[PDB]
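Worksheet for the structure shown next.
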Amino acid sequence: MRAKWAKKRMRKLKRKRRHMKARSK
Amino acid sequence: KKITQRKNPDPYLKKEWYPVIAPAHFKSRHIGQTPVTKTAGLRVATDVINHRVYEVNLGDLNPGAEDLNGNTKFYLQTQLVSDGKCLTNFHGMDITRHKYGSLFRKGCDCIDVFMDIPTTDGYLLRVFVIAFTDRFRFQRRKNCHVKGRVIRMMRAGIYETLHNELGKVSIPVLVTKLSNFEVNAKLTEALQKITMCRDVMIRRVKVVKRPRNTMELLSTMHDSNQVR
Amino acid sequence: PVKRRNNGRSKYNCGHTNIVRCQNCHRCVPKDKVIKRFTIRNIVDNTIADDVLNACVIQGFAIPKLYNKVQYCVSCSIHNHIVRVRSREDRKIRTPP
Amino acid sequence: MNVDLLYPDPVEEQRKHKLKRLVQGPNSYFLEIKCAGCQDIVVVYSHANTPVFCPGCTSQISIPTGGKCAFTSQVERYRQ
Amino acid sequence: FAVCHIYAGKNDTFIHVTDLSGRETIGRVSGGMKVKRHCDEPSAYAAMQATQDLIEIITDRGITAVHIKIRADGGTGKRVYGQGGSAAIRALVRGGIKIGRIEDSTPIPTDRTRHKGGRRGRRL
Amino acid sequence: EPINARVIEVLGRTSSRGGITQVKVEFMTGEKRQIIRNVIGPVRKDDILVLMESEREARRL
RNA sequence: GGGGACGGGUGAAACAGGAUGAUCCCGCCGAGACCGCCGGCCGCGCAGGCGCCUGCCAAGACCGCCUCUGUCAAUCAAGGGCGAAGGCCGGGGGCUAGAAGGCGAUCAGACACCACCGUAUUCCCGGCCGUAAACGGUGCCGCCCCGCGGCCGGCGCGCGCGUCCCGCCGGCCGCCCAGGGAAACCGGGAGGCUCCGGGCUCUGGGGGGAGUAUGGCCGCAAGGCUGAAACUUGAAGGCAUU
RNA sequence: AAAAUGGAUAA
Numbered sequence: 017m018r019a020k021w022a023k024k025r026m027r028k029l030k031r032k033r034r035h036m037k038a039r040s041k
Numbered sequence: 011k012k013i014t015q016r017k018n019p020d021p022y023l024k025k026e027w028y029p030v031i032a033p034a035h036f037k038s039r040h041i042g043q044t045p046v047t048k049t050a051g052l053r054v055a056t057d058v059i060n061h062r063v064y065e066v067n068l069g070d071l072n073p074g075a076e077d078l079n080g081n082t083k084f085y086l087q088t089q090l091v092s093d094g095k096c097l098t099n100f101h102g103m104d105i106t107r108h109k110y111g112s113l114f115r116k117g118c119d120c121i122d123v124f125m126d127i128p129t130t131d132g133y134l135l136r137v138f139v140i141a142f143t144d145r146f147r148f149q150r151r152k153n154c155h156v157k158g159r160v161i162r163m164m165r166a167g168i169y170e171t172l173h174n175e176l177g178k179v180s181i182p183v184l185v186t187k188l189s190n191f192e193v194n195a196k197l198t199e200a201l202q203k204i205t206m207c208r209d210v211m212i213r214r215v216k217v218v219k220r221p222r223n224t225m226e227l228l229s230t231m232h233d234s235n236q237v238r
Numbered sequence: 002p003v004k005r006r007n008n009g010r011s012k013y014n015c016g017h018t019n020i021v022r023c024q025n026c027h028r029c030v031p032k033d034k035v036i037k038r039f040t041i042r043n044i045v046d047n048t049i050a051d052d053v054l055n056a057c058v059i060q061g062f063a064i065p066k067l068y069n070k071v072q073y074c075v076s077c078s079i080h081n082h083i084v085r086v087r088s089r090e091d092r093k094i095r096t097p098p
Numbered sequence: 001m002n003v004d005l006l007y008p009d010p011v012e013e014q015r016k017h018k019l020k021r022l023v024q025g026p027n028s029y030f031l032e033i034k035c036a037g038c039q040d041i042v043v044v045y046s047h048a049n050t051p052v053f054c055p056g057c058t059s060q061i062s063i064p065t066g067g068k069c070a071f072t073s074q075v076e077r078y079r080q
Numbered sequence: 022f023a024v025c026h027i028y029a030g031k032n033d034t035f036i037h038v039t040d041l042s043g044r045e046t047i048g049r050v051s052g053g054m055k056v057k058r059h060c061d062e063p064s065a066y067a068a069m070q071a072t073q074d075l076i077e078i079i080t081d082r083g084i085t086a087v088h089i090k091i092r093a094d095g096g097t098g099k100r101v102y103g104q105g106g107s108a109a110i111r112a113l114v115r116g117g118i119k120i121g122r123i124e125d126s127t128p129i130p131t132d133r134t135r136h137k138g139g140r141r142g143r144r145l
Numbered sequence: 003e004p005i006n007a008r009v010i011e012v013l014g015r016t017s018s019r020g021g022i023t024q025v026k027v028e029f030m031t032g033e034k035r036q037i038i039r040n041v042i043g044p045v046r047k048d049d050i051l052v053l054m055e056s057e058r059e060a061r062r063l
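See the structure below:
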């Protein structure tokens with residue numbers, strides 16, 4: 017799996033983005 | 011009789027061999043000989059061997075015809091010891107692995123029934139019967155799959171035929187029907203009218219329920235042949 | 002490209018088949034992508050052909066024969082040579098050899 | 001054999017499905033049965049999928065079938 | 022008589038003799054005890070050495086009829102005997118121990134409980 | 003004592019490095035056992051070789 | 001109850017188990033899973049999917065048809081239901097496998113692959129979630145379309161009378177005549193198209209950025225659905241032949 | 001059973 021690993025990497029960035037937004041909001 | 015008269019080490023330094031006597035139904039009533047520590051300690055010698063079950067081929071039990079009974083085993087459980095010779099009564103009957111594997115073939119229907127019949131003695135036995143249906147003599151299709159109506163008919167027929175060939179039968183009468191394979195032959199004639207069947211046979215009849223104190227049955231299956 | 006029309010499986014009209022495991026790999030391949038070649042052989046090797054029957058006391062006893070289907074995975078089979086890599090023309094022919 | 005669809009051989013129309021005929025129509029017809037007191041015609045539906053009863057009797061003349069209905073007594077062909 | 026249980030398992034072939042009840046062992050040997058090489062343990066040469074040493078222990082015991090209950094690791098895998106299964110029988114041939122019925126007794130499953138390696142299998 | 007044996011017939015070389023010519027055999031003292039054994043080096047049909055083990059033949063063909 | 005020594009384990013081994021008697025057999029006993037072989041160019045379901053025993057209810061196409069109405073039809077926004085697996089919530093369970101975790105060997109290093117141990121999970125009942133290479137990567141109804149077939153379900157006509165022969169319809173399939181296409185190849189269509197027009201619906205417009213950002217909405221979450229631009233680059237990509 | 005790599009640029 018190489019494209020699914022890219023999708024997993026995006027989902028983790030998307031999840032870190034939502035925790036970061038919460039800290040600054 | 012090979013250790014009481016012989017020299018062998020540690021465990022077998024002190025041991026004796028006691029006979030195993032099969033029921034009167036069989037022809038060669040010897041099963042074999044059993045190593046058991048001689049009467050020593052809290053247990054008594056022939057008090058250990060009474061609970062040991064002995065499995066012997068029906069072909070060995072009845073010498074004379076070997077293709078018949080050659081692949082069918084008889085389970086025999088010691089039920090009492092008389093004169094130092096343990097006597098055994100039916101503990102079940104099992105077709106052996108070579109004869110279970112032989113029947114299954116690609117393309118044909120398979121039928122398995124599970125039947126519980128209580129004996130007059132008090133032994134409810136689970137009888138397992140296998141059936142396959144082949145082609146109707148010359149048939150257009152090599153595969154032999156048949157209609158479901160005549161599949162339930164085979165299944166309902168087996169339970170009814172099993173009641174018919176095993177009514178109020180005591181263990182002697184049950185064993186004798188498995189002695190000559192009479193019941194399976196009857197199964198050929200019950201399902202004969204419907205689509206041709208093959209290997210209609212009793213694979214197993216396991217004793218499920220055992221009443222204690224069946225010394226009555228043990229005498230019946232060891233010496234009531236002379237009366238009957 | 003579609004190497005084969007069956008797409009590598011015999012699954013037809015179902016959409017699902019019961020899954021078993023390679024005897025060797027233990028890889029789970031649905032029943033349709035399974036080698037499954039039926040095996041029937043004498044239990045002692047035919048090298049002990051009649052040496053056993055001459056040793057056997059009981060008259061007319063036939064050496065027991067196993068009747069087991071062997072189910073292998075596609076990957077395990079090509080490396081164990083149960084089936085080879087056929088040519089484009091060769092693939093269509095069936096006729097069990 | 002230069003037969004054209006305009007005139008198809010009768011057997012062709014009789015072999016094909018009753019809707020796929022150049023002239024579509026009934027496959028079934030009326031077939032007689034025989035009853036007590038009757039040497040005359042006792043017509044019934046050929047493909048009856050329901051019970052018909054002996055005239056003035058309790059017993060059922062025709063056995064139920066998805067196809068042409070079968071009978072247990074003497075019977076007479078089509079219309080006579 | 023005697024029942025010769027040959028567990029022709031991979032890793033080691035086991036030859037253990039009992040007499041009709043299965044509770045009395047008149048002799049237990051296995052291919053593992055006779056070979057230093059862990060991988061050569063289930064080999065025929067070990068089977069030959071382990072039996073014969075066993076068949077003197079069943080003639081000293083006094084028995085001479087052996088019904089061979091040959092088995093395979095079975096359960097949820099295998100189902101085919103290791104090379105040791107025939108070799109023990111060949112050792113029996115060397116002593117010519119009169120033999121009875123040779124019906125296979127590998128444990129067989131009716132609907133399994135599943136085996137190791139996952140659904141990708143052992144990626145050896 | 004080692005057994006006495008002469009090849010009944012010949013079989014082809016093995017091992018991928020050759021060398022292991024295989025040859026069948028028979029026993030002068032015994033039943034002329036027709037067992038398959040393997041040999042290292044040159045052999046002829048009906049030539050004689052020493053079978054030390056005797057009890058078990060080598061790998062089948 | 002034996003009974004007697006290493007037992008696993010592998011590619012070879014190593015870690016564990018054993019004189020607290022291991023492995024092995026045989027008679028048990030408890031537990032939960034699973035329904036082998038039969039199991040298939042089989043069948044059934046709207047898909048996802050669906051295989052112990054009997055009993056029990058309701059259900060569905062197909063065929064047969066001198067039954068009934070009488071256009072009640074097609075296809076779809078929006079909306080409603082269902083939807084593998086894994087996840088998750090609250091009860092339960094708990095055998096086996098086994099995300100994590102430890103461990104051995106493995107190599108330069110493997111924290112990977114191969115063993116060994118094992119929690120979540122697997123199992124069950126009520127919930128969510130709403131995804132798949134959800135595949136035939138082929139929307140849905142409609143109609144004509146060439147021979148040889150196999151299977152399957154009814155349903156007929158003659159033959160001697162068979163589970164025959166010719167088939168009639170609904171499917172399941174293999175080869176393929178046209179014919180199409182870049183070809184692989186579909187041919188019960190991916191044929192009847194540049195000699196283009198039966199109808200309804202979705203969806204795309206070089207390759208990255210990008211299912212990304214934001215604005216919603218739904219969800220307990222994990223995430224799903226809708227969905228950018230700035231910016232970059234000359235190829236990306238299909239089937240073939242050597 | 002163990003095997004990782006190979007500058008750019010034209011040829």
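Taken in order, these protein sequences are the chains called A, B, C, D, E and F. Residues in the first sequence are numbered from 17 upward in steps of one, following the UniProt record's numbering. Residues in the second sequence are numbered from 11 upward in steps of one, following the UniProt record's numbering. Residues in the third sequence are numbered from 2 upward in steps of one, following the UniProt record's numbering. Residues in the fourth sequence are numbered from 1 upward in steps of one, following the UniProt record's numbering. Residues in the fifth sequence are numbered from 22 upward in steps of one, following the UniProt record's numbering. Residues in the sixth sequence are numbered from 3 upward in steps of one, following the UniProt record's numbering. Backbone N, C-alpha and C fix where the C-beta goes; we use that ideal spot for every residue, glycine too.
Return the first residue and the last residue of the alpha helix (DSSP H) that residue i is part of.
i: residue 54/C; result: 52–56
i: residue 76/C; result: 75–80
i: residue 174/B; result: 159–175
i: residue 33/F; result: Taken as a continuous stretch (DSSP letters only), residue 33/F belongs to no alpha helix (DSSP H), as it is neither H nor E.
i: residue 20/A; result: 19–40
i: residue 194/B; result: 192–200
What does a CB cutoff of less than 8 Å around residue i pick up in its chain, not counting 5 residues either side in sequence?
i: residue 94/B; result: 28, 29, 56
i: residue 39/E; result: 23, 24, 26, 45, 46, 47
i: residue 146/B; result: 205, 206
Taking residue i and residue j to be in contact with their CB atoms under 8 Å, please state how far apart those CB atoms are, rounded to whole angstroms.
i: residue 100/B; j: residue 181/B; result: 6 Å
i: residue 137/E; j: residue 27/C; result: 7 Å
i: residue 206/B; j: residue 144/B; result: 6 Å
i: residue 44/C; j: residue 67/C; result: 6 Å
i: residue 56/C; j: residue 119/E; result: 6 Å
i: residue 105/E; j: residue 63/E; result: 5 Å
i: residue 53/F; j: residue 62/F; result: 16 Å between Cβ atoms; not a contact.
Exposed or buried, what is residue i when buried is set at 16 or more other beta-carbons lying within 10 Å of its beta-carbon?
i: residue 125/E; result: buried
i: residue 32/E; result: exposed
i: residue 25/C; result: buried
Check each candidate in the options and name the one with the smallest Cα separation from residue i.
i: residue 30/F; options: 61/F, 48/F, 58/F; result: 48/F
i: residue 79/C; options: 31/C, 35/C, 65/C; result: 35/C
i: residue 143/E; options: 22/C, 11/C, 42/C; result: 22/C
i: residue 133/E; options: 103/E, 95/E, 120/E, 111/E; result: 95/E
i: residue 116/E; options: 99/E, 69/E, 127/E; result: 69/E
i: residue 72/B; options: 170/B, 17/B, 32/B, 119/B; result: 32/B
i: residue 219/B; options: 197/B, 102/B, 54/B; result: 102/B
i: residue 189/B; options: 110/B, 104/B, 167/B; result: 104/B
i: residue 89/B; options: 79/B, 237/B, 232/B; result: 232/B
i: residue 140/E; options: 97/C, 33/C, 74/C, 98/C; result: 74/C
i: residue 172/B; options: 204/B, 214/B, 131/B; result: 214/B
i: residue 54/D; options: 33/D, 39/D, 13/D, 46/D; result: 33/D
i: residue 81/C; options: 96/C, 60/C, 71/C; result: 71/C
i: residue 164/B; options: 198/B, 17/B, 112/B, 111/B; result: 198/B
i: residue 56/E; options: 84/E, 34/E, 111/E; result: 34/E
CB-CB under 6 Å to residue i, same chain, minus the five flanking residues each way: which ones, in chain order?
i: residue 8/D; result: 22
i: residue 106/B; result: 81, 83
i: residue 20/D; result: none
Once the 5 residues before and after residue i are set aside, which same chain residues still bring their CB inside 7 Å of it?
i: residue 118/B; result: 142, 143, 144, 154
Could you check where the beta strand (DSSP E) with residue i kicks off and where it finishes?
i: residue 139/B; result: 134–143
i: residue 33/D; result: 30–33
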